[PDB]
>>> print(open('data-v3.tsv').read())   # TSV, C-alpha atoms and all ligand atoms
chain	number	residue	atom	x	y	z
A	34	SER	CA	9.82	-17.75	21.81
A	35	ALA	CA	11.83	-15.60	19.39
A	36	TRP	CA	9.66	-15.78	16.26
A	37	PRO	CA	8.98	-11.98	16.39
A	38	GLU	CA	12.73	-11.72	15.65
A	39	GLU	CA	12.47	-13.91	12.58
A	40	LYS	CA	11.79	-10.77	10.49
A	41	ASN	CA	15.15	-9.21	11.42
A	42	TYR	CA	17.02	-12.07	9.76
A	43	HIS	CA	14.55	-12.82	6.97
A	44	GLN	CA	16.16	-12.79	3.52
A	45	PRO	CA	14.79	-12.52	-0.06
A	46	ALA	CA	14.93	-15.17	-2.81
A	47	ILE	CA	16.52	-13.26	-5.70
A	48	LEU	CA	14.63	-13.98	-8.90
A	49	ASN	CA	16.76	-14.75	-11.94
A	50	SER	CA	16.58	-13.11	-15.36
A	51	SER	CA	13.91	-15.24	-17.02
A	52	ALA	CA	11.87	-15.20	-13.78
A	53	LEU	CA	11.88	-11.41	-13.93
A	54	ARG	CA	10.91	-11.60	-17.63
A	55	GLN	CA	7.92	-13.75	-16.70
A	56	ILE	CA	6.73	-11.45	-13.91
A	57	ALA	CA	6.99	-8.49	-16.32
A	58	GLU	CA	4.86	-10.24	-18.94
A	59	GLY	CA	2.44	-11.29	-16.13
A	60	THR	CA	0.98	-7.87	-15.23
A	61	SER	CA	-1.32	-6.07	-17.67
A	62	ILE	CA	-1.31	-2.32	-16.99
A	63	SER	CA	-4.48	-1.99	-19.06
A	64	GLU	CA	-6.40	-4.82	-17.41
A	65	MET	CA	-5.74	-2.90	-14.20
A	66	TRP	CA	-6.59	0.51	-15.63
A	67	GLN	CA	-10.00	-0.54	-16.83
A	68	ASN	CA	-11.10	-2.82	-13.99
A	69	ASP	CA	-9.03	-1.93	-10.93
A	70	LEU	CA	-8.35	1.78	-11.26
A	71	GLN	CA	-11.30	3.23	-13.17
A	72	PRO	CA	-14.19	2.32	-10.78
A	73	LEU	CA	-12.38	3.98	-7.86
A	74	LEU	CA	-12.00	7.39	-9.51
A	75	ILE	CA	-15.12	8.56	-7.69
A	76	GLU	CA	-15.72	10.86	-4.73
A	77	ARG	CA	-15.33	8.50	-1.77
A	78	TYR	CA	-15.05	10.41	1.51
A	79	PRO	CA	-16.36	8.40	4.52
A	80	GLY	CA	-20.14	7.80	4.63
A	81	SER	CA	-20.49	8.89	0.98
A	82	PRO	CA	-22.11	6.66	-1.69
A	83	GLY	CA	-18.59	6.51	-3.12
A	84	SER	CA	-17.25	5.02	0.14
A	85	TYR	CA	-19.67	2.08	0.13
A	86	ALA	CA	-19.06	1.32	-3.56
A	87	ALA	CA	-15.29	1.73	-3.33
A	88	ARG	CA	-15.38	-0.78	-0.48
A	89	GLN	CA	-17.74	-3.05	-2.43
A	90	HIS	CA	-15.57	-2.81	-5.55
A	91	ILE	CA	-12.46	-3.89	-3.68
A	92	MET	CA	-14.00	-6.95	-2.08
A	93	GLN	CA	-15.66	-7.84	-5.42
A	94	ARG	CA	-12.21	-7.79	-7.06
A	95	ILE	CA	-10.55	-9.95	-4.42
A	96	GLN	CA	-13.45	-12.32	-3.95
A	97	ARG	CA	-12.96	-13.25	-7.60
A	98	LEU	CA	-9.45	-14.59	-6.94
A	99	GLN	CA	-8.69	-18.25	-6.10
A	100	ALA	CA	-5.99	-17.70	-3.49
A	101	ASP	CA	-7.72	-18.23	-0.16
A	102	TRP	CA	-8.05	-14.53	0.71
A	103	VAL	CA	-9.80	-13.82	4.03
A	104	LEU	CA	-11.65	-10.50	3.98
A	105	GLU	CA	-12.65	-8.57	7.12
A	106	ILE	CA	-14.19	-5.12	7.77
A	107	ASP	CA	-12.95	-3.03	10.65
A	108	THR	CA	-15.99	-0.78	11.03
A	109	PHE	CA	-16.06	1.67	13.90
A	110	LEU	CA	-17.62	4.96	14.87
A	111	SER	CA	-15.47	7.96	15.78
A	112	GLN	CA	-16.09	11.67	16.46
A	113	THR	CA	-14.93	14.08	13.78
A	114	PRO	CA	-15.00	17.81	12.94
A	115	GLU	CA	-18.19	17.19	10.89
A	116	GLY	CA	-19.69	15.05	13.69
A	117	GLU	CA	-19.76	11.27	14.27
A	118	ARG	CA	-18.75	9.02	11.36
A	119	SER	CA	-18.56	5.32	10.53
A	120	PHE	CA	-15.18	4.10	9.32
A	121	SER	CA	-14.41	0.78	7.65
A	122	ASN	CA	-10.89	-0.56	7.06
A	123	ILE	CA	-10.63	-3.40	4.53
A	124	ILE	CA	-8.14	-6.12	5.59
A	125	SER	CA	-7.31	-9.05	3.30
A	126	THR	CA	-5.25	-11.93	4.66
A	127	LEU	CA	-3.88	-15.12	3.16
A	128	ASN	CA	-3.21	-17.76	5.82
A	129	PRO	CA	-4.37	-15.56	8.77
A	130	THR	CA	-3.20	-17.78	11.58
A	131	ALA	CA	0.35	-17.64	10.20
A	132	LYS	CA	2.53	-15.84	12.74
A	133	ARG	CA	4.15	-13.52	10.17
A	134	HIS	CA	2.73	-11.33	7.43
A	135	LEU	CA	4.22	-8.94	4.95
A	136	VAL	CA	1.65	-6.14	4.74
A	137	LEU	CA	0.82	-3.85	1.79
A	138	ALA	CA	-1.50	-0.92	2.44
A	139	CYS	CA	-2.96	2.37	1.24
A	140	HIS	CA	-6.14	4.42	1.76
A	141	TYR	CA	-9.37	3.99	-0.16
A	142	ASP	CA	-10.97	7.14	1.27
A	143	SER	CA	-10.56	10.45	-0.55
A	144	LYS	CA	-10.41	13.99	0.90
A	145	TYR	CA	-13.53	16.18	1.06
A	146	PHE	CA	-13.82	19.26	-1.18
A	147	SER	CA	-16.69	21.59	-2.15
A	148	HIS	CA	-17.86	21.28	-5.75
A	149	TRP	CA	-15.79	24.17	-7.15
A	150	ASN	CA	-17.19	24.59	-10.67
A	151	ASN	CA	-19.13	21.29	-10.83
A	152	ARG	CA	-15.77	19.52	-10.38
A	153	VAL	CA	-15.15	16.63	-7.99
A	154	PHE	CA	-11.95	15.50	-6.30
A	155	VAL	CA	-11.35	11.81	-7.05
A	156	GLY	CA	-7.79	11.56	-5.63
A	157	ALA	CA	-6.22	9.65	-8.54
A	158	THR	CA	-2.65	9.37	-7.28
A	159	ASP	CA	-3.98	9.85	-3.76
A	160	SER	CA	-4.47	6.94	-3.50
A	161	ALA	CA	-6.79	5.22	-5.97
A	162	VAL	CA	-3.79	4.10	-7.99
A	163	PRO	CA	-2.11	2.57	-4.87
A	164	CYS	CA	-5.40	0.66	-4.38
A	165	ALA	CA	-5.43	-0.52	-8.01
A	166	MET	CA	-1.78	-1.57	-8.10
A	167	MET	CA	-2.42	-3.62	-4.95
A	168	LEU	CA	-5.44	-5.26	-6.58
A	169	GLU	CA	-3.36	-5.81	-9.72
A	170	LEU	CA	-0.59	-7.40	-7.65
A	171	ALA	CA	-3.25	-9.61	-6.08
A	172	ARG	CA	-4.34	-10.70	-9.57
A	173	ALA	CA	-1.03	-10.81	-11.43
A	174	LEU	CA	0.22	-13.18	-8.74
A	175	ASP	CA	-2.83	-15.36	-8.10
A	176	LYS	CA	-1.39	-18.69	-9.34
A	177	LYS	CA	1.89	-18.20	-7.45
A	178	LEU	CA	0.11	-17.02	-4.30
A	179	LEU	CA	-2.29	-19.97	-4.34
A	180	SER	CA	0.65	-22.18	-3.32
A	181	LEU	CA	0.80	-20.52	0.13
A	182	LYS	CA	-2.19	-22.76	0.88
A	183	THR	CA	0.15	-25.77	1.18
A	186	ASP	CA	6.91	-28.45	6.20
A	187	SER	CA	9.86	-26.46	4.87
A	188	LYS	CA	8.63	-22.84	5.00
A	189	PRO	CA	8.88	-19.92	7.47
A	190	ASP	CA	5.44	-19.16	8.93
A	191	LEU	CA	4.77	-16.17	6.64
A	192	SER	CA	2.01	-14.96	4.37
A	193	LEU	CA	0.69	-11.77	2.74
A	194	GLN	CA	-1.87	-9.21	3.96
A	195	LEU	CA	-3.47	-6.23	2.22
A	196	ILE	CA	-4.89	-3.34	4.19
A	197	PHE	CA	-7.05	-0.56	2.77
A	198	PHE	CA	-7.36	2.07	5.51
A	199	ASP	CA	-10.39	4.35	5.67
A	200	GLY	CA	-10.46	8.01	6.80
A	201	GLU	CA	-6.72	8.56	6.46
A	202	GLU	CA	-7.49	12.09	5.20
A	203	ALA	CA	-8.21	15.05	7.50
A	204	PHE	CA	-11.74	16.47	7.41
A	205	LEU	CA	-10.72	20.06	8.18
A	206	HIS	CA	-7.34	20.92	9.69
A	207	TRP	CA	-4.91	17.97	9.65
A	208	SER	CA	-4.00	17.15	13.27
A	209	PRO	CA	-3.40	14.18	15.65
A	210	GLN	CA	-7.19	13.85	15.95
A	211	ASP	CA	-8.35	14.89	12.48
A	212	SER	CA	-6.36	12.41	10.36
A	213	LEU	CA	-5.43	8.76	10.08
A	214	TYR	CA	-8.82	7.74	11.45
A	215	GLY	CA	-8.66	4.27	9.95
A	216	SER	CA	-5.04	3.52	10.78
A	217	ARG	CA	-5.08	4.95	14.28
A	218	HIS	CA	-7.86	2.54	15.23
A	219	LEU	CA	-6.73	-0.69	13.56
A	220	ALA	CA	-3.23	-0.09	14.92
A	221	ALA	CA	-4.50	0.16	18.50
A	222	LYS	CA	-6.73	-2.89	17.92
A	223	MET	CA	-3.87	-5.02	16.51
A	224	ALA	CA	-1.58	-3.79	19.34
A	225	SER	CA	-3.84	-5.51	21.84
A	226	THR	CA	-5.09	-8.52	19.85
A	227	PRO	CA	-3.10	-11.64	20.91
A	228	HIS	CA	-1.39	-13.43	18.02
A	229	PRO	CA	-1.19	-16.18	17.28
A	230	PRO	CA	-4.49	-16.90	19.10
A	231	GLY	CA	-3.72	-17.99	22.66
A	232	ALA	CA	-0.14	-16.66	22.87
A	233	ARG	CA	1.55	-14.86	25.77
A	234	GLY	CA	2.98	-11.39	25.14
A	235	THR	CA	2.94	-11.30	21.33
A	236	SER	CA	0.28	-9.24	19.52
A	237	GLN	CA	-0.87	-8.97	15.90
A	238	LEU	CA	1.68	-6.14	15.53
A	239	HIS	CA	4.49	-8.60	16.18
A	240	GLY	CA	2.97	-10.21	13.07
A	241	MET	CA	3.83	-7.37	10.69
A	242	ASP	CA	7.29	-8.22	9.39
A	243	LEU	CA	7.18	-5.07	7.33
A	244	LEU	CA	4.52	-2.47	6.43
A	245	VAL	CA	4.77	-1.38	2.79
A	246	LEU	CA	2.66	1.79	2.52
A	247	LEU	CA	1.80	3.08	-0.96
A	248	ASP	CA	0.69	6.69	-1.20
A	249	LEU	CA	0.58	9.47	-3.82
A	250	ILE	CA	1.69	7.26	-6.70
A	251	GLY	CA	0.93	7.93	-10.37
A	252	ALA	CA	2.67	11.18	-11.29
A	253	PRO	CA	5.55	10.75	-13.82
A	254	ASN	CA	9.15	10.81	-12.54
A	255	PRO	CA	8.39	10.27	-8.84
A	256	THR	CA	11.37	10.24	-6.53
A	257	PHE	CA	11.08	8.03	-3.46
A	258	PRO	CA	13.50	8.73	-0.59
A	259	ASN	CA	14.75	6.05	1.79
A	260	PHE	CA	13.11	7.18	5.04
A	261	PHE	CA	13.88	4.43	7.57
A	262	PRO	CA	17.28	2.94	8.54
A	263	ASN	CA	15.54	0.01	10.23
A	264	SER	CA	14.09	-0.83	6.78
A	265	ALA	CA	16.77	0.61	4.47
A	266	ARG	CA	17.85	-2.87	3.29
A	267	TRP	CA	14.46	-3.54	1.71
A	268	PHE	CA	14.67	-0.12	0.07
A	269	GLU	CA	17.97	-1.34	-1.47
A	270	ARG	CA	16.20	-4.41	-2.83
A	271	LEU	CA	13.77	-2.00	-4.49
A	272	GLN	CA	16.67	-0.05	-5.97
A	273	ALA	CA	18.28	-3.26	-7.23
A	274	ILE	CA	15.05	-4.61	-8.76
A	275	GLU	CA	14.43	-1.31	-10.55
A	276	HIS	CA	17.91	-1.46	-12.08
A	277	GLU	CA	17.66	-5.17	-12.90
A	278	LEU	CA	14.43	-4.80	-14.90
A	279	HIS	CA	15.72	-1.63	-16.58
A	280	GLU	CA	18.79	-3.62	-17.59
A	281	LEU	CA	16.80	-6.51	-19.10
A	282	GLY	CA	14.79	-3.74	-20.81
A	283	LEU	CA	11.56	-4.84	-19.10
A	284	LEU	CA	10.42	-1.30	-18.37
A	285	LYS	CA	8.88	1.38	-20.59
A	286	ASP	CA	10.24	4.96	-20.75
A	287	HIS	CA	12.79	4.78	-17.93
A	288	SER	CA	16.32	6.10	-17.33
A	289	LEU	CA	18.82	5.46	-14.52
A	290	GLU	CA	19.41	9.21	-14.24
A	291	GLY	CA	15.62	9.67	-14.00
A	292	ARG	CA	14.81	6.77	-11.63
A	293	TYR	CA	12.44	6.20	-8.72
A	294	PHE	CA	14.39	4.94	-5.71
A	295	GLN	CA	17.08	7.44	-4.77
A	296	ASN	CA	19.57	6.55	-2.05
A	297	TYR	CA	19.12	9.87	-0.25
A	298	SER	CA	17.23	10.40	3.03
A	299	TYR	CA	14.31	12.70	3.82
A	300	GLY	CA	14.38	16.16	5.41
A	301	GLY	CA	11.22	16.23	7.55
A	302	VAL	CA	8.95	13.45	8.86
A	303	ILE	CA	5.93	12.44	6.79
A	304	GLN	CA	2.57	11.78	8.44
A	305	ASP	CA	0.60	8.90	6.93
A	306	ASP	CA	-1.15	5.67	7.90
A	307	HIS	CA	2.09	4.05	9.06
A	308	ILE	CA	2.67	6.47	11.98
A	309	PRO	CA	0.51	4.55	14.54
A	310	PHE	CA	2.22	1.33	13.44
A	311	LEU	CA	5.75	2.72	13.33
A	312	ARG	CA	5.50	4.35	16.77
A	313	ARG	CA	4.78	0.88	18.11
A	314	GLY	CA	7.96	-0.39	16.46
A	315	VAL	CA	6.67	-1.87	13.24
A	316	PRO	CA	9.31	-1.76	10.49
A	317	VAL	CA	7.83	0.56	7.86
A	318	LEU	CA	8.74	1.04	4.22
A	319	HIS	CA	7.10	4.32	3.20
A	320	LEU	CA	6.57	4.31	-0.58
A	321	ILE	CA	5.50	7.96	-0.87
A	322	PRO	CA	7.23	10.31	-3.40
A	323	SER	CA	9.11	13.40	-2.25
A	324	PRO	CA	8.15	15.73	-3.69
A	325	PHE	CA	4.44	14.94	-3.78
A	326	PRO	CA	2.92	15.16	-7.30
A	327	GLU	CA	2.20	18.69	-8.55
A	328	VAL	CA	-1.56	17.97	-8.63
A	329	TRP	CA	-1.53	17.15	-4.91
A	330	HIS	CA	-4.78	18.06	-3.15
A	331	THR	CA	-6.00	19.76	-6.33
A	332	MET	CA	-8.91	19.03	-8.65
A	333	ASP	CA	-6.14	18.17	-11.10
A	334	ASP	CA	-5.35	14.95	-9.24
A	335	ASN	CA	-7.21	13.14	-12.02
A	336	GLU	CA	-6.79	10.35	-14.58
A	337	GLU	CA	-5.89	12.83	-17.26
A	338	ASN	CA	-2.72	13.37	-15.19
A	339	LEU	CA	-1.56	9.88	-14.26
A	340	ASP	CA	1.39	8.36	-16.13
A	341	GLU	CA	0.54	4.98	-17.64
A	342	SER	CA	4.16	3.83	-17.96
A	343	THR	CA	5.13	4.91	-14.44
A	344	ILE	CA	2.37	2.93	-12.75
A	345	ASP	CA	3.14	-0.09	-14.94
A	346	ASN	CA	6.88	-0.01	-14.15
A	347	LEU	CA	6.11	0.24	-10.46
A	348	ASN	CA	3.67	-2.68	-10.75
A	349	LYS	CA	6.58	-4.74	-12.12
A	350	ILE	CA	8.94	-3.60	-9.33
A	351	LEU	CA	6.50	-4.09	-6.45
A	352	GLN	CA	5.46	-7.54	-7.73
A	353	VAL	CA	9.01	-8.87	-7.89
A	354	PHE	CA	9.75	-7.45	-4.44
A	355	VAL	CA	6.78	-9.26	-2.89
A	356	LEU	CA	7.49	-12.53	-4.67
A	357	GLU	CA	11.08	-12.47	-3.45
A	358	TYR	CA	9.96	-11.46	0.03
A	359	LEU	CA	7.63	-14.46	0.17
A	360	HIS	CA	10.05	-16.82	-1.65
A	361	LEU	CA	7.59	-17.52	-4.47
B	1	LIG	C1	-0.23	11.04	3.02
B	1	LIG	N1	-1.08	12.02	2.36
B	1	LIG	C2	-2.00	11.75	1.41
B	1	LIG	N2	-2.59	12.85	1.04
B	1	LIG	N3	-2.04	13.89	1.78
B	1	LIG	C3	-1.12	13.38	2.59
B	1	LIG	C4	-0.27	14.17	3.55
B	1	LIG	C5	-0.59	13.92	5.02
B	1	LIG	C6	0.35	14.66	5.94
B	1	LIG	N4	0.42	16.09	5.63
B	1	LIG	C7	0.41	17.06	6.61
B	1	LIG	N5	1.41	17.02	7.50
B	1	LIG	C8	1.46	17.96	8.47
B	1	LIG	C9	0.55	18.97	8.60
B	1	LIG	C10	-0.48	19.05	7.69
B	1	LIG	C11	-0.59	18.11	6.66
B	1	LIG	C12	-1.72	18.24	5.70
B	1	LIG	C13	-2.58	17.18	5.40
B	1	LIG	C14	-3.64	17.34	4.52
B	1	LIG	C15	-3.77	18.59	3.97
B	1	LIG	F1	-4.78	18.82	3.09
B	1	LIG	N6	-3.02	19.63	4.20
B	1	LIG	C16	-2.01	19.44	5.06
B	1	LIG	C17	0.65	16.40	4.21
B	1	LIG	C18	-0.30	15.67	3.30
B	2	CO	CO	-4.17	13.36	0.37
>>> encode(input="data-v3.tsv", output="structure tokens")
Amino acid sequence: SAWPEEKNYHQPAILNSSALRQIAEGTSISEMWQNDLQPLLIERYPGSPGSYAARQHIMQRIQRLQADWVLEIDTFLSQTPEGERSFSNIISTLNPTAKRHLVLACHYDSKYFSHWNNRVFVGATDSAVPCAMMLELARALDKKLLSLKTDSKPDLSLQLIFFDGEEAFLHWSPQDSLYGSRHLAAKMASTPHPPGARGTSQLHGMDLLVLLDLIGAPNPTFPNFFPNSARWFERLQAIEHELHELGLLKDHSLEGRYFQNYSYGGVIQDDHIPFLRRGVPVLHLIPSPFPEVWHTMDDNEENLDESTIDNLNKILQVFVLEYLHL
């Protein structure tokens, strides 16, 4: 069976003008700010009070949606620099037994830092905002998504991952990093899918991994990293332009735009690595450069850009709708 190949040929359903208008009007940046983003701007390294609440906040937010979301906690112990630690990835699937899933993901953990001048690192852009935008997407699209509960469709739904312990504890290295991802990846790699199949694993299931990281500084530039996924990048470029055209953005210029058609110099380590090395198509939505306030106490809410997150919300939402033909 050649269904793992279905993703290679899969095409989008290009929304038309008024559709795009209606998506734009559908997402409230401020609803998100207050309810999605704000609660997560807390110290939330693994095992911390913040961790448990962060995790509880996310499931609270999803559980309140009507689309038949299936939540699931990948909790595991692993050795670390600071000694043994419990990690818990949050997965959220619509239609889990569907062969194919588009997958959005980020990291809910934050990096550890000593309380330099009674200040606390909350990792705004890194990646509380990614988390919020995902949860906003989940909301903004509830009605539309609820239809994926019902002959004439590809066997494809949506999945959200929120990886834990992405961040390094001490020195970033193969073994002090990507704790959450490394584990789930290996688990998926060996979990048969669909249940009772020969050969094909849950990783065959991931049509595409869309990984949001370090998002919320103004004027981010995303490079196109992956050739094997460069066509979806192009859709993102198109959608950005389209909405700009219809004037459905706020404070945006084509000269100062987000998705640039250039490649990237080095190779960026993130949650996608364990997936990508197993031949998942990845779409790495991480800005190059990173925000100024990267791994600083300045990575705070004072320093996010309201308009930038909102615009991206609009872009990412259209992308996903088109990807799912909704
Ligand atoms: C993806 N992400 C989110 N927050 N920080 C990151 C990256 C992870 C990969 N990075 C590294 N790559 C190679 C060697 C070291 C690092 C690194 C990671 C964390 C840190 F504090 N300092 C360096 C840069 C920061
Ligand atoms: Co970081």
>>> residues_near_ligand(input="data-v3.tsv", ligand="ligand LIG 1 (chain B)", cutoff="7 Å", atoms="only C-alpha atoms and all ligand atoms", output="count of residues only")
11
>>> closest_residue(input="data-v3.tsv", among="A:345, A:242, A:39, A:201", to="residue 189 in chain A", atoms="only C-alpha atoms")
A:39
>>> residues_around(input="data-v3.tsv", residues="residue 35 in chain A", least_positions_apart="5", cutoff="12 Å", atoms="all atoms listed in the file", output="list in words")
residues 40, 41, 42, 132, 234, 235 and 239 of chain A
>>> closest_residue(input="data-v3.tsv", among="A:348, A:96, A:298, A:143", to="ligand CO 2 (chain B)", atoms="all atoms listed in the file")
A:143
>>> residues_around(input="data-v3.tsv", residues="range 351-353 of chain A", least_positions_apart="6", cutoff="9 Å", atoms="only C-alpha atoms", output="ChimeraX atom specification")
/A:47-48,53,56-57,60,166,170,173-174,271,274
>>> write_last_selection(input="data-v3.tsv", atoms="C-alpha atoms", output="CSV table (one decimal), in the coordinates of the input")
chain,number,residue,atom,x,y,z
A,47,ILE,CA,16.5,-13.3,-5.7
A,48,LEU,CA,14.6,-14.0,-8.9
A,53,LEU,CA,11.9,-11.4,-13.9
A,56,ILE,CA,6.7,-11.4,-13.9
A,57,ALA,CA,7.0,-8.5,-16.3
A,60,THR,CA,1.0,-7.9,-15.2
A,166,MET,CA,-1.8,-1.6,-8.1
A,170,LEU,CA,-0.6,-7.4,-7.6
A,173,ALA,CA,-1.0,-10.8,-11.4
A,174,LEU,CA,0.2,-13.2,-8.7
A,271,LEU,CA,13.8,-2.0,-4.5
A,274,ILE,CA,15.0,-4.6,-8.8
>>> closest_residue(input="data-v3.tsv", among="A:280, A:142, A:275, A:211", to="ligand CO 2 (chain B)", atoms="all atoms listed in the file")
A:142
>>> closest_residue(input="data-v3.tsv", among="A:134, A:279, A:140, A:349", to="residue 58 in chain A", atoms="all atoms listed in the file")
A:349
>>> closest_residue(input="data-v3.tsv", among="A:125, A:226, A:194, A:210", to="residue 112 in chain A", atoms="only C-alpha atoms")
A:210
>>> closest_residue(input="data-v3.tsv", among="A:153, A:127, A:361, A:332", to="residue 105 in chain A", atoms="only C-alpha atoms")
A:127
>>> axis_aligned_box(input="data-v3.tsv", around="range 339-349 of chain A", padding_each_side="8 Å", output="AutoDock Vina command-line options")
--center_x 2.7 --center_y 2.6 --center_z -14.2 --size_x 24.4 --size_y 30.6 --size_z 23.5
>>> atom_distance(input="data-v3.tsv", atom1="CA of residue 123 in chain A", atom2="CA of residue 103 in chain A")
10.5 Å
